[PDB]
Amino acid sequence: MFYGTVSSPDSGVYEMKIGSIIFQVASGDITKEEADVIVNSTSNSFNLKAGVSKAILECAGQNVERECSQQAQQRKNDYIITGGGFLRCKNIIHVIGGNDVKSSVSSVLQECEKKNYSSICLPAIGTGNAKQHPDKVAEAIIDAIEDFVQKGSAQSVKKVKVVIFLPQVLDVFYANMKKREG
Ligand SMILES: CCCn1nnnc1NC(=O)c1ccco1
Ligand SMILES: [Cl-]
Ligand SMILES: [Cl-]
């Protein structure tokens with residue numbers, strides 16, 4: 001009803017269509033990517049500096065760190081939106097690694113439509129300090145995108161890319177894409 005064919009457009013990149021959205025996966029350092037939004041996977045205090053979160057806050061810089069702690073003390077947040085700092089993006093959306101991954105990705109997609117953004121880059125949310133299982137994380141990320149497309153909500157969003165720190169986790173995402181393909 002939605003899934004296209006899995007192929008490799010560039011060395012180390014694997015893609016398929018989900019409705020009108022191009023979904024891609026690759027291994028690498030997410031802080032070297034350019035996109036309208038980059039997603040951080042962090043703690044419920046939005047101040048963690050371990051794994052992906054360490055790289056994102058160090059690269060983004062101290063003003064982004066300060067924006068995070070200011071919003072954390074203002075109210076109870078499921079996620080927060082900051083500037084991009086010295087990352088190559090318009091905004092960072094910081095999600096909680098321990099939360100339901102399908103819910104977190106659905107929120108990211110909705111916030112990107114609100115800003116008329118076209119591109120998103122995310123890590124394998126939850127697979128760091130939160131120690132969620134990679135197979136369940138891949139299923140949840142792709143399920144969120146399918147639901148967004150099924151509801152007719154994809155208008156501005158055209159490209160969603162997962163950049164994954166460990167090659168072994170990339171293999172789990174690729175297998176899930178092959179399970180779903182048309
Ligand atoms: C310099 C050695 C790399 N390294 N070693 N242990 N953890 C990391 N890094 C990350 O988890 C990470 C995510 C994105 C960029 O870095
Ligand atoms: Cl995590
Ligand atoms: Cl990752």
# chains A, B, ... in the order shown; residues from 1 in each chain; ligands from 1
>>> residues_around(residues="range 109-124 of chain A", least_positions_apart="3", cutoff="7 Å", atoms="only C-alpha atoms", output="MDAnalysis selection string")
chainID A and resid 35:39 105:106 127 137 156:164
>>> write_last_selection(atoms="C-alpha atoms", output="compact mmCIF listing (two decimals), in the first residue's frame")
# COMPACT_ATOMS: atom_id res chain seq x y z
CA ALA A 35 19.25 18.75 7.18
CA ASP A 36 16.46 21.14 8.20
CA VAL A 37 16.16 19.22 11.54
CA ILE A 38 18.70 16.99 13.34
CA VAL A 39 17.30 14.85 16.19
CA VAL A 105 9.19 10.11 15.74
CA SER A 106 5.51 11.04 15.17
CA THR A 127 19.81 2.42 21.43
CA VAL A 137 13.68 0.67 17.50
CA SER A 156 6.41 19.54 3.17
CA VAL A 157 8.47 16.55 4.51
CA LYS A 158 10.26 14.75 1.61
CA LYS A 159 13.36 13.03 3.09
CA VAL A 160 13.93 11.18 6.40
CA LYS A 161 17.46 9.76 6.97
CA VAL A 162 18.71 7.63 9.90
CA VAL A 163 22.49 8.03 10.46
CA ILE A 164 23.62 5.21 12.75
>>> closest_atom_pairs(of="chain A", to="ligand 2", cutoff="9 Å", atoms="only C-alpha atoms and all ligand atoms", output="tab-separated table")
residue	atom	partner	partner_atom_place_in_ligand_line	distance
A:40	CA	ligand 2	1 (Cl)	8.7
A:41	CA	ligand 2	1 (Cl)	5.1
A:42	CA	ligand 2	1 (Cl)	5.9
A:43	CA	ligand 2	1 (Cl)	7.7
A:50	CA	ligand 2	1 (Cl)	9.0
A:51	CA	ligand 2	1 (Cl)	8.2
A:52	CA	ligand 2	1 (Cl)	7.8
A:53	CA	ligand 2	1 (Cl)	8.1
A:96	CA	ligand 2	1 (Cl)	7.3
A:97	CA	ligand 2	1 (Cl)	3.9
A:98	CA	ligand 2	1 (Cl)	6.6
A:123	CA	ligand 2	1 (Cl)	8.9
A:124	CA	ligand 2	1 (Cl)	7.8
A:125	CA	ligand 2	1 (Cl)	5.5
A:126	CA	ligand 2	1 (Cl)	3.5
A:127	CA	ligand 2	1 (Cl)	4.9
A:128	CA	ligand 2	1 (Cl)	3.7
A:129	CA	ligand 2	1 (Cl)	4.7
A:130	CA	ligand 2	1 (Cl)	4.5
A:131	CA	ligand 2	1 (Cl)	6.6
A:132	CA	ligand 2	1 (Cl)	7.6
>>> residues_around(residues="residue 70 in chain A", least_positions_apart="2", cutoff="12 Å", atoms="only C-alpha atoms", output="PyMOL selection string")
chain A and resi 45-47+63-68+72-77+80-82
>>> select_by_dssp(residues="range 1-181 of chain A", states="strand (DSSP E or B)", output="PyMOL selection string")
chain A and resi 3+7-10+13-18+21-27+34+37-42+79-83+88+91-96+119-122+159-164
>>> residues_around(residues="range 140-143 of chain A", least_positions_apart="5", cutoff="9 Å", atoms="only C-alpha atoms", output="mmCIF file with C-alpha atoms, in the first residue's frame")
data_model
loop_
_atom_site.group_PDB
_atom_site.id
_atom_site.type_symbol
_atom_site.label_atom_id
_atom_site.label_comp_id
_atom_site.auth_asym_id
_atom_site.auth_seq_id
_atom_site.Cartn_x
_atom_site.Cartn_y
_atom_site.Cartn_z
ATOM 1 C CA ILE A 18 7.309 5.264 1.867
ATOM 2 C CA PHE A 23 13.525 6.966 3.662
ATOM 3 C CA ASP A 100 8.164 5.289 23.201
ATOM 4 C CA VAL A 101 10.096 5.641 19.906
ATOM 5 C CA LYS A 102 7.046 5.603 17.582
ATOM 6 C CA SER A 103 5.537 8.503 19.615
ATOM 7 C CA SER A 104 8.814 10.473 19.535
ATOM 8 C CA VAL A 105 9.191 10.114 15.740
ATOM 9 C CA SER A 106 5.509 11.042 15.171
ATOM 10 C CA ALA A 124 18.809 5.079 16.145
ATOM 11 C CA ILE A 125 16.785 6.707 18.967
ATOM 12 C CA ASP A 135 15.147 -4.464 16.217
ATOM 13 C CA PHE A 148 2.165 9.756 8.993
ATOM 14 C CA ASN A 176 13.549 -4.328 8.299
ATOM 15 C CA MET A 177 13.413 -2.336 4.998
#
>>> closest_residue(among="A:69, A:48, A:170, A:62", to="ligand 3", atoms="only C-alpha atoms and all ligand atoms")
A:170
>>> residues_around(residues="residue 19 in chain A", least_positions_apart="6", cutoff="9 Å", atoms="only C-alpha atoms", output="ChimeraX atom specification")
/A:1-4,146,149-150,154
>>> write_last_selection(atoms="C-alpha atoms", output="PDB file, in the first residue's frame")
ATOM      1  CA  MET A   1       0.000   0.000   0.000  1.00  0.00           C
ATOM      2  CA  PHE A   2       2.986   2.389   0.629  1.00  0.00           C
ATOM      3  CA  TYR A   3       6.426   0.682   0.233  1.00  0.00           C
ATOM      4  CA  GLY A   4       8.718   1.027  -2.760  1.00  0.00           C
ATOM      5  CA  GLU A 146       3.986   4.750   7.599  1.00  0.00           C
ATOM      6  CA  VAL A 149       1.856   8.896   5.250  1.00  0.00           C
ATOM      7  CA  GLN A 150      -1.375   6.842   5.719  1.00  0.00           C
ATOM      8  CA  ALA A 154       3.183  14.348   4.499  1.00  0.00           C
TER       9      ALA A 154
END
>>> closest_residue(among="A:175, A:22, A:145, A:56", to="residue 92 in chain A", atoms="only C-alpha atoms")
A:56
>>> atom_distance(atom1="atom 8 (C, counted along the ligand's line) of ligand 1", atom2="CA of residue 94 in chain A")
18.5 Å
>>> atom_distance(atom1="CA of residue 59 in chain A", atom2="CA of residue 167 in chain A")
22.1 Å
>>> closest_residue(among="A:173, A:14, A:86, A:79", to="ligand 3", atoms="only C-alpha atoms and all ligand atoms")
A:173
